[PDB]
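Only one structure is covered here, and it is reproduced in the block below.
Chain letters run A, B, ... following the sequence lines, proteins first, then strands; residues in each count from 1.
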Amino acid sequence: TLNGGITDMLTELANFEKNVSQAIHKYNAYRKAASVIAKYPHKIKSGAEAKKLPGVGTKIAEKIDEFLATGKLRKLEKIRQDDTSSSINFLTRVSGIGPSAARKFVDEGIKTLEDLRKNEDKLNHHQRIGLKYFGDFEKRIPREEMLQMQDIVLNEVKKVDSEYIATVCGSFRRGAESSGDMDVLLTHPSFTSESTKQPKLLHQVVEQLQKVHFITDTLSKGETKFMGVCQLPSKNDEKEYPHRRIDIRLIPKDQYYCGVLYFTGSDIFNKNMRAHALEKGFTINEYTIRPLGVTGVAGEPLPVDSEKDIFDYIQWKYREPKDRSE
DNA sequence: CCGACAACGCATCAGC
DNA sequence: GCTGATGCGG
DNA sequence: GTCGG
Ligand SMILES: O=c1ccn([C@H]2C[C@H](O)[C@@H](COP(=O)(O)NP(=O)(O)OP(=O)(O)O)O2)c(=O)[nH]1
Ligand SMILES: [Cl-]
Ligand SMILES: [Cl-]
Ligand SMILES: [Mg+2]
Ligand SMILES: [Mg+2]
Ligand code: NA
Ligand code: NA
């Protein structure tokens with residue numbers, strides 16, 4: 001955070017282009033700059049110095065100089081004052097509400113937490129739960145609580161079927177001291193890229209996590225991706241732990257490494273590694289990495305037996321989870 | 001210049 | 001009912 | 001908004 005001031009500015013600029021401008025690319029460009037500048041081991045003294053880092057162009061360069069001079073960005077000072085932009089930005093903070101639904105509500109005149117509350121009949125299921133746990137979801141999860149949640153999830157899963165393998169990924173696997181949520185990659189021998197010999201593999205687990213009252217709500221649930229809520233149990237007289245977001249992804253066992261790579265992130269690391277991958281002539285997703293013929297069509301899945309194998313194909317020196325926090 | 005920008009599961013809608 | 005486009009995730 | 005060709 002040697003440049004915490006600069007990277008926050010870019011993030012705010014990025015959330016704006018995304019929520020208000022619905023200009024996803026500017027959003028991604030800004031996040032990239034914030035990212036590269038964030039790992040830069042020096043306290044940036046000027047736009048020029050920043051323009052050197054890849055991802056930082058001329059526009060961002062000027063903003064950084066202005067920011068270093070005045071201590072703020074005019075363009076942001078204005079954005080903060082515009083009521084429409086502040087409403088949209090706010091609503092989007094509710095899980096389930098994005099740029100579109102956010103702008104839609106404002107038109108209707110629904111632009112404050114009070115409004116959403118007295119208009120629950122105008123939200124889909126996810127949005128409703130996102131409203132219910134509005135505060136909680138804004139709270140980070142201390143690694144210790146993560147470790148505690150991990151035990152429940154792994155033990156409960158072990159109970160449903162000893163052959164289930166549950167690995168906690170996301171920022172937890174990258175070793176963060178706090179996480180925005182808990183991410184769980186789940187595999188079982190019956191579900192392989194070749195065949196699904198057992199149905200409801202994800203359902204059963206979710207069902208077990210519910211019986212023990214660990215999982216309390218469901219944002220969305222399909223055969224391989226579950227999006228919901230959970231809560232650590234509290235002791236007698238102890239004030240309750242906040243409700244936490246939980247993501248569970250069922251992946252074919254033979255595709256574990258591509259799956260764990262992806263789910264370990266970060267999102268920006270994935271974006272960059274996948275981008276590079278293409279440049280090297282490959283395509284990478286949560287399931288496999290494949291080659292690319294001039295035509296464009298992906299080829300057949302290359303053999304993978306470790307995360308490193310994936311790094312090797314693209315000719316990138318392996319990077320432990322802790323170093324993928326971009 | 002200017003196209004490209006990672007990738008995909010689920011919820012929900014339009015159109016048939 | 002389906003298929004496809006869009007939103008959201010994030 | 002930035003980038004490589
Ligand atoms: O846009 C995305 C989002 C997530 N992911 C992957 C990487 C990320 O680490 C993982 C889990 O998603 P989260 O949104 O939970 N992010 P993460 O766990 O890294 O951080 P946080 O602590 O905020 O949850 O899914 C992507 O590839 N693209
Ligand atoms: Cl854009
Ligand atoms: Cl695939
Ligand atoms: Mg996470
Ligand atoms: Mg998550
Ligand atoms: Na640059
Ligand atoms: Na939101």
Side-chain angles (χ1 to χ4, degrees), chain A residues 9-11 13-19 21-37 47 50-64 75 89 91-105 122-130 137-138 170-171 179-183 185-186 202-203 206 218-229 245-252 255 258-259 261-263 265-280 282-290 292 296 298 310 314 326:
Chain A
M9 167 186 65
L10 301 173
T11 307
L13 279 169
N15 289 322
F16 163 86
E17 291 302 334
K18 181 205 153 193
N19 309 320
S21 302
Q22 297 196 308
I24 199 59
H25 290 298
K26 294 209 176 185
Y27 161 73
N28 285 304
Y30 278 122
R31 277 206 307 175
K32 199 223 215 69
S35 204
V36 71
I37 287 180
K51 191 167 181 293
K52 279 174 170 298
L53 291 176
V56 180
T58 300
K59 309 305 284 301
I60 292 184
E62 280 170 359
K63 290 182 177 52
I64 297 193
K75 179 176 176 178
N89 270 315
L91 300 167
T92 56
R93 295 169 68 187
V94 168
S95 182
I97 302 178
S100 189
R103 180 179 288 285
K104 181 63 179 295
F105 288 143
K122 292 190 176 60
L123 307 172
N124 55 41
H125 180 57
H126 182 163
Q127 299 172 318
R128 183 186 288 234
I129 308 300
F137 288 168
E138 289 255 303
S171 60
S179 286
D181 82 334
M182 170 161 284
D183 302 295
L185 169 39
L186 179 63
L202 177 48
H203 182 78
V206 171
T218 302
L219 302 176
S220 71
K221 171 172 160 295
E223 286 189 58
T224 62
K225 174 168 68 75
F226 172 78
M227 203 166 299
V229 188
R245 276 275 293 104
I246 186 173
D247 290 325
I248 312 185
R249 187 69 183 272
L250 177 60
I251 265 196
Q255 281 166 164
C258 284
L261 167 67
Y262 154 76
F263 221 27
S266 75
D267 55 340
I268 295 178
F269 168 88
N270 282 1
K271 278 163 121 292
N272 294 323
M273 185 176 176
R274 301 189 166 195
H276 174 68
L278 289 183
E279 276 173 47
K280 285 297 187 178
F282 306 75
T283 188
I284 303 173
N285 52 40
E286 56 261 70
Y287 310 118
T288 51
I289 171 169
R290 316 180 177 204
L292 282 183
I310 306 179
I314 55 177
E326 308 184 313

Return whichever of A/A275 or A/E223 has its heavy-atom-nearest nucleotide of DNA chain B closer to the 5' end.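 Upstream on the strand: A/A275.
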Nearest-nucleotide comparison on DNA chain B, the residue closer to the 5′ end among A/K271 and A/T224: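 Its nearest nucleotide being more 5', the pick is A/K271.
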If you check every side-chain atom of [X], which of [options] has the closest atom?
X: A/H25; options: C/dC8, B/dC8, B/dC5; answer: B/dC5
X: A/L278; options: B/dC5, D/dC3, D/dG1; answer: B/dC5
X: A/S220; options: C/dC8, B/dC10, D/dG1; answer: B/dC10
X: A/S100; options: C/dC8, B/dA7, B/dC10; answer: C/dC8
X: A/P54; options: B/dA7, D/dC3, C/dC8; answer: D/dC3
X: A/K59; options: B/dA6, D/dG1, D/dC3; answer: D/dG1

Mind checking if [X] touches a base, just sugar-phosphate, or nothing, with heavy atoms under 4.0 Å?
X: A/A33; result: nothing
X: A/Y262; result: nothing
X: A/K32; result: nothing
X: A/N285; result: sugar-phosphate
X: A/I24; result: nothing
X: A/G96; result: sugar-phosphate
X: A/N272; result: nothing
X: A/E286; result: sugar-phosphate

Any-strand Watson-Crick or G-U partner of D/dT2, both distances under 3.5 Å: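 D/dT2 is paired, partner B/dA4.
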Could you tell me how far apart [X] ([atom1]) and [N] ([atom2]) are, to the nearest whole angstrom?
X: A/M227; N: B/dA11; atom1: CE; atom2: P; value: 9 Å
X: A/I37; N: D/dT2; atom1: CD1; atom2: P; value: 10 Å
X: A/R290; N: B/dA6; atom1: CZ; atom2: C1'; value: 15 Å
X: A/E279; N: D/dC3; atom1: CD; atom2: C1'; value: 9 Å
X: A/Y27; N: B/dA6; atom1: OH; atom2: P; value: 12 Å
X: A/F226; N: B/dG9; atom1: CZ; atom2: P; value: 18 Å
X: A/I97; N: C/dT6; atom1: CD1; atom2: P; value: 22 Å
X: A/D247; N: B/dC8; atom1: CG; atom2: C1'; value: 14 Å

Hey, is A/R249 close enough to A/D247 for a salt bridge, meaning N to O under 4.0 Å?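 Here A/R249 does not pair with A/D247 in a salt bridge, since their nearest N and O are not under 4.0 Å apart.
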Could you tell me which non-hydrogen atom of A/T224 sits nearest to which non-hydrogen atom of A/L202, and how far apart they are?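 Smallest interatomic distance, heavy atoms only, reads C-CD2, 3.4 Å.
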Can you see which heavy atom on A/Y27 is nearest to which on A/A14, and at what distance?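 For A/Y27 and A/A14, the tightest heavy-atom pair comes out as CD1-O, 3.1 Å.
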Does the side chain of A/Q255 reach to within under 4.5 Å of the side chain of A/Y262, using non-hydrogen atoms?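 SC-SC contact between A/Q255 and A/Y262 ruled out.
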When you measure from the side-chain N and O atoms of [X] to the phosphate of [N], is any distance below 4.0 Å, counting only OP1 and OP2?
X: A/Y287; N: B/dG9; result: yes
X: A/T283; N: B/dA7; result: yes
X: A/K225; N: B/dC10; result: no
X: A/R245; N: C/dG10; result: yes

B/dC10: north vs south, judged on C1'-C2'-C3'-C4':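 Of the two classes, B/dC10 takes south, because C1'-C2'-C3'-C4' is negative.
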Does the ring of D/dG1 sit north or south, if a positive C1'-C2'-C3'-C4' angle means north and a negative one means south?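 Pucker flag: south.
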I need the A/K280 NZ to A/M273 CE distance, nearest 0.5 Å.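 Between A/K280 NZ and A/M273 CE, I get 12.5 Å after rounding to 0.5 Å.
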Does A/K32, at its NZ atom, have more than 12 non-hydrogen atoms belonging to other residues, nucleotides or ligands within less than 6.0 Å?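 Incorrect, the count does not exceed 12.
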Say whether, by atom type as modelled, one donor and one acceptor occur between the side chain of A/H126 and the main chain of A/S220 under 3.5 angstrom.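 Flag not set: sc A/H126 to bb A/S220 has no pair under 3.5 Å.
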Any donor-acceptor pair under 3.5 Å from A/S35 side chain to A/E326 backbone: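 Flag set: sc A/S35 to bb A/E326 pair under 3.5 Å.
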Give me the distance, rounded to whole Å, that separates B/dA7 from D/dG1 when you measure between the P atoms they each carry.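 Straight-line distance between the two P atoms is 24 Å.
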Distance between the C1' atoms of B/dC5 and D/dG5, in whole angstroms?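 B/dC5 and D/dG5 have their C1' atoms separated by 15 Å.
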Output yes if the stacking criterion (under 5.5 Å between centres, under 30° between planes) is met for A/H126 over the base of C/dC8, else no.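 No, the aromatic ring of A/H126 does not stack with the base.
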